[PDB]
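Visitor: Sharing a structure below in structure tokens format, with a few things to ask.
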Amino acid sequence: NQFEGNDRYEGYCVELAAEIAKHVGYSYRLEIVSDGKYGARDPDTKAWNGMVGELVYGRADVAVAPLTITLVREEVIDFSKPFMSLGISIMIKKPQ
Amino acid sequence: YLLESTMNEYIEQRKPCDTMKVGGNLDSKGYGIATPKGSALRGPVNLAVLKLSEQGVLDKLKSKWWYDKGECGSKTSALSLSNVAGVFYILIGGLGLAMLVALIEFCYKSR
Amino acid sequence: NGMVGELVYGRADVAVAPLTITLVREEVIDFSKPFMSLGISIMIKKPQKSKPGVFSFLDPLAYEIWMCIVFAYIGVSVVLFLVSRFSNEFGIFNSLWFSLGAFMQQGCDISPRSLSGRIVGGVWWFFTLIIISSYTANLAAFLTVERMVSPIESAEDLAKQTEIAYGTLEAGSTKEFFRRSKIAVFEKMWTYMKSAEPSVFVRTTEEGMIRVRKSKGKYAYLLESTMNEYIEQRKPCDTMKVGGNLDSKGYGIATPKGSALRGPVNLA
Amino acid sequence: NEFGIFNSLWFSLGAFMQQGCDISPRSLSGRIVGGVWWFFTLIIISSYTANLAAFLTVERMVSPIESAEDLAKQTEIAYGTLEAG
Amino acid sequence: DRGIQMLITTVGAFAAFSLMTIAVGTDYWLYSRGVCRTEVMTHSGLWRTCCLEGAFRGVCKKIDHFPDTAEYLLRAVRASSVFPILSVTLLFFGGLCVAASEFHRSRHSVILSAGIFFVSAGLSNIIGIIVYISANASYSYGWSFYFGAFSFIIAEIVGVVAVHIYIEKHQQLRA
Ligand SMILES: CCCCCCCC/C=C/CCCCCCCC(=O)OC[C@H](O)CO
Ligand SMILES: CCCCCCCC/C=C\CCCCCCCC(=O)OC[C@H](O)CO
Ligand SMILES: NS(=O)(=O)c1cc2c(cc1Cl)N[C@H]([C@H]1C[C@H]3C=C[C@@H]1C3)NS2(=O)=O
């Protein structure tokens, strides 16, 4: 509440967006996606939702979230080289 | 829960640390900076990411936001003193008791 | 020169080799998304399996337990003497002998007769039973346990010392990485490598592998983790990867800048 | 040198703790008591140190799942994912 | 041999007290890596942690002893350092009795009480060490630690000699 704008947030991707902006030489405002979803094409409507939807339809110019590189998404948006590796993993409650 | 390994690791490093990653990774992939198809930002962003990677910036950011968080920081092995400390407490307790009994048995026999 | 040269000058249309994605190369050729991850890593000649020490019989217990056993032994012996003189006989020398025999599970000529002497004796017997049982459990295992110790076991360790020479493949991504580095450790490493005579660099991975194998643990080869792992698994497997990875990167399928194959290759 | 109560207690304790004693029973009934107590001691102490060795060497707290296949094979644990991910 | 025994006792009592007081005061118990907070190689003691490398070399911060009943008790006992302090106290009273044995000779029990104080001081010391090491669960022990250990050894030697003095006294005056 004491802060306003892009300075309201912190985290890995916040600093990454800052550094990218520095290197590229542009100003930016961090808009949180409205849907709160990462991105998927609804098979019935064929509409992209979430961050991917926001990118495609023109409402946003970049996405600096933990957005996974996938074939379906690469067909509709451009991705840079990966900035972090990962895999699908299982999370279980630790026994006592 | 099936989630991405990065989030899984971050969660497992924070209280209430009752969750844990099991096994390996089901596949291998990565996050990318996205842009609209036919954008003019595509090339510069790619080059920026390469610069950031080669300069250790991404490494430092990862190390900062994952490892340094550490809300909870948690086959011939030597026994440690902590494993047997109880036997030492009993021992010194017993020596104390023996000295006490000896003073009594004295004072009783002195009177 | 090499594959990148061929791509730039138009001699080829694609490169499907283990070509590292780097900034300098990205400015002249178009890379795909990486198809394999790697990092820079250290290969050293596998050290000999160290035989356990002359004093390996101490190994089942931490040093601090041994120290505390010794103080406990003195404590018990002094308190025994004291209580007995307050009550052959338990002078200090015999108290020391009694305690030592109790601990070693031997017994000796004398046993306490007083109540306080018997309390001391009883708790020392109990202590002995717990500690000796714990010590003797796995003893033969500790006496026969070989542990290989790496000379360096880190990048910093390799930078600090000067007895082991370390090199790279030249005209490779790793050499370029070290040359253009700004990190303290890697700048130090490069300053060393540039000046070192004879040249620490090699022409081929096989060359570096042979150099580590024939240098009797005086050469450490800096190569990509994928090749390192592959080699370390092959016979005679007398090499070993030491420490973690110095960085993170990946191999990409290259194409000449402005190629028509760029998009299809990425999607493939 | 005789088996009054305090020396009886001391004899028994030494036998149990594997130390031995000043004194040993000489009568038949004393030796019956001593002999069964020696037997009891040998079983119980041996059981303690046998089983102690086991506790000092067990270190494999094995997870039920340990892999994807083990999650797929069972049906007691439900596993999900994030939507639109 | 009465003179030599009393010399050993008196010098020994002073030695043990000095060593133990230094040890409790000084901060070279443990050489571990850590942070003096304005990780780096530090030297710690019972009370303080202090840096040996960097810009903050010589900055020294108070230990947070408190960052299960058994765990709580261990933390409490470690925090207070009741056992090392009790060892210093008992060594103080032992030395006091040793001094008093020269003046008021009429009561023999004074030198015996010195003996009992020194023996007890050593037992307090052992408990201290065990609590210290147990609570700390790469590292190494420094010279303050070894001073505590040498204090234990000397205290036990002096306890033995004091008790011998009293025995010689009760064996001379009965006959
Ligand atoms: C004349 C004969 C003289 C007799 C001389 C006596 C010495 C013999 C041995 C004493 C063992 C010590 C007793 C150990 C008891 C520990 C109990 C304990 O700690 O219990 C924790 C509990 O399980 C909650 O977790
Ligand atoms: C010289 C003075 C005399 C001293 C004498 C005392 C020594 C006693 C020792 C051991 C008794 C153990 C005997 C236990 C044997 C019982 C089991 C058995 O024999 O068989 C079981 C059954 O027949 C099939 O299931
Ligand atoms: N440490 S990490 O896992 O966050 C991480 C992961 C990666 C990094 C950098 C870091 Cl710091 N860089 C690479 C990038 C550099 C060039 C090689 C692969 C891409 C382009 N992506 S990655 O291999 O996914």
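Labels used: A, B, ... for chains in the order of the structure tokens, numbers from 1 for residues in each chain, and numbers from 1 for ligands as shown.
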Could you list, as a ChimeraX atom specification, all residues that come within 8 Å of ligand 3? Count only C-alpha atoms and all ligand atoms.
Guide: /A:81-86 /B:29-31,49-50,53-54,56-63 /C:20-22,33-34,37-38,247-252
Visitor: Just to be explicit: take each residue in the selection above, keep N, CA, C and O atoms, and write the result as a CSV table (one decimal), in the first residue's frame.
Guide:
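Below is the file that was written, again_3.csv:
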chain,number,residue,atom,x,y,z
A,81,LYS,N,15.4,-17.9,-25.6
A,81,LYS,CA,16.1,-19.0,-25.1
A,81,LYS,C,15.7,-19.1,-23.6
A,81,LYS,O,15.5,-18.1,-22.9
A,82,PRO,N,15.6,-20.3,-23.1
A,82,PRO,CA,15.2,-20.5,-21.7
A,82,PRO,C,16.1,-19.8,-20.7
A,82,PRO,O,17.3,-19.8,-20.9
A,83,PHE,N,15.5,-19.2,-19.7
A,83,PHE,CA,16.3,-18.6,-18.6
A,83,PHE,C,16.3,-19.4,-17.3
A,83,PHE,O,16.9,-19.0,-16.3
A,84,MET,N,15.6,-20.6,-17.3
A,84,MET,CA,15.6,-21.4,-16.1
A,84,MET,C,15.2,-22.8,-16.6
A,84,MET,O,14.2,-22.9,-17.4
A,85,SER,N,15.8,-23.8,-16.0
A,85,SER,CA,15.5,-25.2,-16.4
A,85,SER,C,14.6,-25.8,-15.3
A,85,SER,O,14.6,-25.3,-14.2
A,86,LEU,N,13.8,-26.8,-15.6
A,86,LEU,CA,12.9,-27.5,-14.7
A,86,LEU,C,12.4,-28.8,-15.3
A,86,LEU,O,12.6,-29.0,-16.5
B,29,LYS,N,12.5,-29.2,-19.4
B,29,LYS,CA,12.0,-28.1,-20.2
B,29,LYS,C,12.5,-26.8,-19.5
B,29,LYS,O,13.4,-26.9,-18.6
B,30,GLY,N,12.0,-25.7,-19.9
B,30,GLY,CA,12.5,-24.4,-19.3
B,30,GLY,C,11.5,-23.3,-19.6
B,30,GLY,O,10.6,-23.4,-20.4
B,31,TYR,N,11.6,-22.2,-18.8
B,31,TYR,CA,10.8,-21.0,-19.0
B,31,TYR,C,11.5,-20.1,-20.0
B,31,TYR,O,12.7,-20.0,-20.1
B,49,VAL,N,18.7,-12.1,-22.8
B,49,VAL,CA,18.7,-13.3,-22.0
B,49,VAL,C,20.1,-14.0,-22.1
B,49,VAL,O,20.6,-14.4,-21.0
B,50,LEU,N,20.6,-14.0,-23.3
B,50,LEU,CA,22.0,-14.6,-23.4
B,50,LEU,C,23.0,-13.8,-22.7
B,50,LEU,O,23.9,-14.4,-22.0
B,53,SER,N,22.6,-14.6,-19.0
B,53,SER,CA,23.1,-15.9,-18.7
B,53,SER,C,24.6,-16.0,-18.6
B,53,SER,O,25.1,-16.6,-17.7
B,54,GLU,N,25.2,-15.4,-19.6
B,54,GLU,CA,26.7,-15.4,-19.7
B,54,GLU,C,27.4,-14.6,-18.6
B,54,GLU,O,28.6,-14.9,-18.3
B,56,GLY,N,26.3,-14.4,-15.4
B,56,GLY,CA,26.1,-14.9,-14.1
B,56,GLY,C,24.9,-14.3,-13.4
B,56,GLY,O,24.6,-14.6,-12.2
B,57,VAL,N,24.1,-13.4,-14.1
B,57,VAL,CA,23.0,-12.7,-13.5
B,57,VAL,C,21.9,-13.6,-13.1
B,57,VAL,O,21.4,-13.6,-12.0
B,58,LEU,N,21.6,-14.5,-14.0
B,58,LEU,CA,20.5,-15.5,-13.8
B,58,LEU,C,20.9,-16.4,-12.7
B,58,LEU,O,20.0,-16.8,-11.8
B,59,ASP,N,22.1,-16.9,-12.6
B,59,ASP,CA,22.6,-17.7,-11.6
B,59,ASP,C,22.5,-17.0,-10.2
B,59,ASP,O,22.0,-17.6,-9.3
B,60,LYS,N,22.9,-15.8,-10.1
B,60,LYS,CA,22.9,-15.0,-8.9
B,60,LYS,C,21.4,-14.8,-8.4
B,60,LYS,O,21.1,-15.0,-7.2
B,61,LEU,N,20.5,-14.5,-9.4
B,61,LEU,CA,19.1,-14.3,-9.1
B,61,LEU,C,18.5,-15.6,-8.5
B,61,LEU,O,17.8,-15.6,-7.5
B,62,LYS,N,18.8,-16.7,-9.2
B,62,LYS,CA,18.3,-18.0,-8.7
B,62,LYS,C,18.8,-18.3,-7.3
B,62,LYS,O,18.0,-18.6,-6.4
B,63,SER,N,20.1,-18.1,-7.1
B,63,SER,CA,20.7,-18.4,-5.8
B,63,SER,C,20.1,-17.5,-4.7
B,63,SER,O,19.9,-18.0,-3.6
C,20,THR,N,27.6,-25.2,-28.8
C,20,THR,CA,27.1,-24.5,-27.6
C,20,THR,C,26.4,-23.2,-28.1
C,20,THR,O,27.0,-22.5,-29.0
C,21,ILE,N,25.3,-22.9,-27.4
C,21,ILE,CA,24.7,-21.6,-27.6
C,21,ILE,C,25.4,-20.5,-26.9
C,21,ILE,O,25.4,-20.6,-25.6
C,22,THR,N,26.0,-19.6,-27.6
C,22,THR,CA,26.7,-18.5,-27.0
C,22,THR,C,26.3,-17.2,-27.7
C,22,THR,O,25.8,-17.2,-28.8
C,33,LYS,N,16.0,-23.8,-30.1
C,33,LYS,CA,15.9,-24.0,-28.6
C,33,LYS,C,16.9,-25.2,-28.3
C,33,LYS,O,17.1,-26.1,-29.1
C,34,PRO,N,17.6,-25.1,-27.1
C,34,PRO,CA,18.5,-26.2,-26.8
C,34,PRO,C,17.9,-27.6,-26.7
C,34,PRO,O,16.8,-27.7,-26.3
C,37,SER,N,21.2,-30.0,-22.2
C,37,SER,CA,21.8,-29.1,-21.2
C,37,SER,C,23.2,-29.6,-20.8
C,37,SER,O,23.5,-30.7,-21.0
C,38,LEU,N,24.0,-28.6,-20.4
C,38,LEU,CA,25.4,-29.0,-19.9
C,38,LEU,C,25.9,-27.8,-19.1
C,38,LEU,O,25.3,-26.7,-19.0
C,247,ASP,N,28.9,-23.4,-14.9
C,247,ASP,CA,27.7,-22.6,-15.3
C,247,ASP,C,26.7,-23.6,-15.9
C,247,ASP,O,26.8,-24.8,-15.8
C,248,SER,N,25.6,-23.0,-16.6
C,248,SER,CA,24.5,-23.7,-17.2
C,248,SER,C,24.4,-23.1,-18.6
C,248,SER,O,24.3,-21.9,-18.8
C,249,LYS,N,24.3,-24.1,-19.6
C,249,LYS,CA,24.0,-23.7,-21.0
C,249,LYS,C,23.5,-24.9,-21.7
C,249,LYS,O,23.1,-25.9,-21.0
C,250,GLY,N,23.5,-24.9,-23.0
C,250,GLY,CA,22.8,-25.9,-23.8
C,250,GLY,C,23.3,-25.9,-25.2
C,250,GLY,O,23.9,-24.9,-25.7
C,251,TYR,N,23.1,-27.1,-25.9
C,251,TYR,CA,23.4,-27.2,-27.3
C,251,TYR,C,22.2,-26.8,-28.2
C,251,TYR,O,21.1,-27.3,-27.9
C,252,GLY,N,22.4,-26.1,-29.2
C,252,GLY,CA,21.3,-25.7,-30.1
C,252,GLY,C,21.7,-26.1,-31.5
C,252,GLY,O,22.8,-26.1,-31.9
Visitor: Write out as a tab-separated table the residues of chain D that have any atom within 12 Å of an atom of ligand 2, one row each with the nearest atom pair and its distance in Å to one decimal, counting only C-alpha atoms and all ligand atoms, sorted by chain and then rising number.
Guide:
residue	atom	partner	partner_atom_place_in_ligand_line	distance
D:24	CA	ligand 2	2 (C)	11.7
D:25	CA	ligand 2	2 (C)	9.8
D:26	CA	ligand 2	2 (C)	9.2
D:27	CA	ligand 2	2 (C)	8.7
D:28	CA	ligand 2	2 (C)	6.2
D:29	CA	ligand 2	3 (C)	8.2
D:30	CA	ligand 2	2 (C)	8.5
D:31	CA	ligand 2	2 (C)	5.1
D:32	CA	ligand 2	4 (C)	4.4
D:33	CA	ligand 2	6 (C)	6.9
D:34	CA	ligand 2	6 (C)	7.1
D:35	CA	ligand 2	6 (C)	3.9
D:36	CA	ligand 2	8 (C)	4.6
D:37	CA	ligand 2	8 (C)	8.1
D:38	CA	ligand 2	9 (C)	7.5
D:39	CA	ligand 2	10 (C)	5.5
D:40	CA	ligand 2	10 (C)	8.2
D:41	CA	ligand 2	10 (C)	10.8
D:42	CA	ligand 2	10 (C)	10.1
D:43	CA	ligand 2	12 (C)	10.4
Visitor: Go through the chains and note each residue within 6 Å of ligand 1, using only C-alpha atoms and all ligand atoms, then give the set as a PyMOL selection string.
Guide: (chain C and resi 118-119+122-123+126) or (chain D and resi 6+9-10)
Visitor: So which bits of stretch 35-86 of chain B end up alpha helix (DSSP H) when you DSSP the backbone, as a PyMOL selection string?
Guide: chain B and resi 42-54+57-62+81-86
Visitor: Give as JSON, numbers by chain every residue of chain D that touches chain A within 9 Å, counting only C-alpha atoms.
Guide: {"D": [63, 65, 67, 68, 79, 83, 84, 85]}
Visitor: Would you mind exporting N, CA, C and O atoms of the selected residues as a short mmCIF file (atom, residue, chain, number, x, y, z; two decimals), in the first residue's frame?
Guide:
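Listed below is the output, again_12.cif:
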data_model
loop_
_atom_site.label_atom_id
_atom_site.label_comp_id
_atom_site.auth_asym_id
_atom_site.auth_seq_id
_atom_site.Cartn_x
_atom_site.Cartn_y
_atom_site.Cartn_z
N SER D 63 10.55 -43.83 0.70
CA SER D 63 9.29 -43.19 0.35
C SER D 63 8.37 -44.20 -0.34
O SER D 63 8.84 -45.02 -1.13
N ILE D 65 6.20 -43.71 -2.77
CA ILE D 65 6.10 -43.48 -4.21
C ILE D 65 7.46 -43.69 -4.89
O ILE D 65 7.60 -44.61 -5.67
N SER D 67 8.88 -42.68 -7.35
CA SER D 67 8.88 -42.61 -8.80
C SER D 67 7.46 -42.32 -9.29
O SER D 67 6.51 -42.30 -8.49
N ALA D 68 7.32 -42.11 -10.61
CA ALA D 68 6.03 -41.86 -11.23
C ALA D 68 5.21 -43.14 -11.34
O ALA D 68 4.01 -43.11 -11.09
N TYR D 79 -3.70 -37.77 -7.22
CA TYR D 79 -2.70 -36.84 -7.68
C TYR D 79 -3.29 -35.95 -8.75
O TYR D 79 -3.95 -36.43 -9.68
N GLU D 83 -4.75 -26.27 -13.21
CA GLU D 83 -5.61 -26.06 -14.36
C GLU D 83 -5.02 -24.94 -15.23
O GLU D 83 -4.50 -23.94 -14.71
N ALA D 84 -5.16 -25.11 -16.55
CA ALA D 84 -4.70 -24.16 -17.56
C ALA D 84 -3.19 -23.95 -17.45
O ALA D 84 -2.71 -22.82 -17.53
N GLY D 85 -2.47 -25.06 -17.30
CA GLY D 85 -1.03 -25.05 -17.12
C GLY D 85 -0.35 -25.98 -18.11
O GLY D 85 -0.98 -26.85 -18.69
#
